[PDB]
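Reviewing the structure listed below.
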Amino acid sequence: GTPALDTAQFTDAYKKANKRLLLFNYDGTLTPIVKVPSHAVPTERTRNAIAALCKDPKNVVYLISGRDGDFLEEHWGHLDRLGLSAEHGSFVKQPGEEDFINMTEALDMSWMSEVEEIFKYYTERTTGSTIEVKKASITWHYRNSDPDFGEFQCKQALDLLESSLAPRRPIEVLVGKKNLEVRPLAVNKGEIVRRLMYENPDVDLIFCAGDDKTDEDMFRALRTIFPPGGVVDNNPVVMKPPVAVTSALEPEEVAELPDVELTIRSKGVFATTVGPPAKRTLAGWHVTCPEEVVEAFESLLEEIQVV
Ligand SMILES: O=P(O)(O)OC[C@H]1O[C@H](O[C@H]2O[C@H](CO)[C@@H](O)[C@H](O)[C@H]2O)[C@H](O)[C@@H](O)[C@@H]1O
Ligand SMILES: [Mg+2]
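Under PDB author numbering, the letters of the sequence shown match residues 0 to 306, in that order.
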């Protein structure tokens, strides 16, 4: 379990920080889980909060989501300083650019047809189920199927994917909130976080929030930068160039990339899961609802206006 996010302690750290890495999951984190995937549109207050955070040059703000780049662009593309990571770190659109860096170019993607065929099979035989073919991942939804037959069908599809496909393909099979998803094995939200840390060695405050099991990759990455027993004394925390950085480059470029000394210390990392106190997680904190994640920064933002 975890203590509830100490917004007081976080507020003061936020004010003292020179460079802040702010990482937000989307679904279930910045916006509630709802019936229909395309209906998960950010509220006015939510859009305003993230905007203000991007307005600050001290902040480096990213969304890290399993969503497709199109959906993310549609609702967030209007914020010039907001970075976007789509489909579990298979794509990355920095605040500067306008196009997504394909993190999967060097990966074997021949598995997509096989997975699509399987999900089509179950979509046709599971009323209310839907399929979401994305650019580097595929999601099968059953949230609007019959409660019982949906889970049953889910277990059968899962068993088929795990028994006959996973063991021979570079994929990971994700059990999401009333969905199944298949992604490339070599990418995850954790690698994106590490890429971002490598890019910004001057970060002295990290916030990261997520509601799903896939977000635990982020929480783990935010821990394993430090030695298993915590940093000892005033030792330098050094970080090698991560896979999410090197795989995009050419071997000549990669050979030139140096190790970096990170400014961040564990006390500066606020890893927050969305869920109940009892939820077992690698995050250091929790908040019960996505709405409280937003309100935390709304209250914080208002306080910044004063002084
Ligand atoms: O990584 P995030 O930003 O959380 O999204 C990953 C996952 O999320 C979406 O599905 C979920 O949210 C919708 C909207 O509330 C629900 O209807 C689904 O039941 C949830 O599973 C995306 O649509 C998926 O493609 C993606 O895998
Ligand atoms: Mg989520």
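Note that CB positions come from ideal geometry on N, CA and C, so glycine has one too.
- Query: Short check: CB of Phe148 to CB of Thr125, under 8 Å?
  - Reply: yes
- Extent of the continuous alpha helix (DSSP H) to which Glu171 belongs: Segment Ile170 to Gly175 is the beta strand (DSSP E) holding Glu171; no alpha helix (DSSP H) there.
- Item | Heavy atom of ligand 2 within 7 Å of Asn17 beta-carbon | no
- Item | Endpoints, alpha helix (DSSP H) assigned at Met111 | Its alpha helix (DSSP H) spans residues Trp110 to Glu123.
- Among residues of its own chain, excluding the 5 on either side of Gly189, which ones have a beta-carbon nearer than 7 Å to its beta-carbon? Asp216, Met217, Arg219 and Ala220
- Regarding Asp26 and ligand 3, is the C-beta to nearest heavy atom distance less than 7 Å? What this structure holds is ligand 1 and ligand 2, not ligand 3.
- Task: Check the DSSP bridge columns for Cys207 and list the partner residues they point to.
- Result: Answer is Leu22 and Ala270.
- Return the chain-ordered list of same chain residues with a C-beta closer than 7 Å to the C-beta of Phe225, the five sequence neighbours on each side being excluded. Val236 and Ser265
- Proximity of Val292 and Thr28 at Cβ, strictly below 8 Å: yes
- Message: Are there any heavy atoms of ligand 2 lying less than 7 Å away from the beta-carbon of residue 373, as far as the coordinates show?
- Response: The question about residue 373 has no answer here: the residues shown for the chain are numbered 0 through 306.
- Message: List, from N- to C-terminal side, the beta strand (DSSP E) runs of 3 residues or more that fit wholly inside the region 180-225.
- Response: 204-209
- Does ligand 1 have a heavy atom nearer than 7 Å to the CB of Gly274? no
- Task: Note down the Cα distance separating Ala3 from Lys15, rounded to an integer number of angstroms.
- Result: 21 Å
- Message: In the DSSP output, which residue or residues are listed as bridge partners for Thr30?
- Response: Answer by DSSP bridge pairing, in chain order: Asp26.
- Message: Using a 10 Å radius around the Cβ and a threshold of 16 neighbouring Cβ atoms, would you call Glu43 buried or exposed?
- Response: exposed
- If you run the structure through DSSP and keep just helix, strand and coil, what is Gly68? Looking at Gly68 - three-state DSSP - the assignment turns out to be helix.
- Message: Using CA atoms only, rank isn't needed, just tell me which of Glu72, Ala12, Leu20 and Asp11 is closest to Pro41.
- Response: Taking only the C-alpha atoms, the option nearest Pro41 is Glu72.
- Message: Using 8 Å for Cβ pairs, my map puts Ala39 next to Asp67. What's the rounded Cβ distance?
- Response: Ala39 to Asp67, Cβ: 12 Å. No contact.
- Query: Rounded to a whole number of angstroms, what is the C-alpha to C-alpha distance between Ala282 and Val253?
  - Reply: 31 Å
- Where does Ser298 fall in DSSP's three states? helix
- Query: Hey, quick one: how far does the alpha helix (DSSP H) through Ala243 stretch, first residue to last?
  - Reply: For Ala243, the enclosing alpha helix (DSSP H) stretches over residues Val242 to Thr245.
- Which residues in the same chain have their Cβ closer than 7 Å to the Cβ of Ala247, if we skip the five residues on either side of it in sequence? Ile100 and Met102
- So, using beta-carbon positions, are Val202 and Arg19 closer together than 8 Å? yes
- Is the closest heavy atom of ligand 1 to the C-beta of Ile32 under 7 Å? yes
- Item | Collapsed DSSP secondary structure at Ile49 in the structure displayed | helix
- Query: On the premise that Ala208 lies in contact with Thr271, defined as a C-beta separation below 8 Å, what is that separation, rounded to the nearest angstrom?
  - Reply: Indeed they touch by this definition, with Cβ atoms about 4 Å apart.
- Message: Any heavy atom of ligand 1 closer than 7 Å to the beta-carbon of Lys212?
- Response: no
- Query: Among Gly127, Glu161 and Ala135, which has the Cα closest to the Cα of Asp145?
  - Reply: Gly127
- Query: Anyone know if the C-beta pair for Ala7 and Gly267 falls short of 8 Å?
  - Reply: no
- Query: Are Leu164 and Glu104 touching if we call contact CB-CB under 8 Å?
  - Reply: no
- Item | Whole-angstrom distance between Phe151 and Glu96, CA atom to CA atom | 44 Å
- Message: For ligand 2, is there any heavy atom lying closer than 7 Å to the beta carbon of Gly88?
- Response: no
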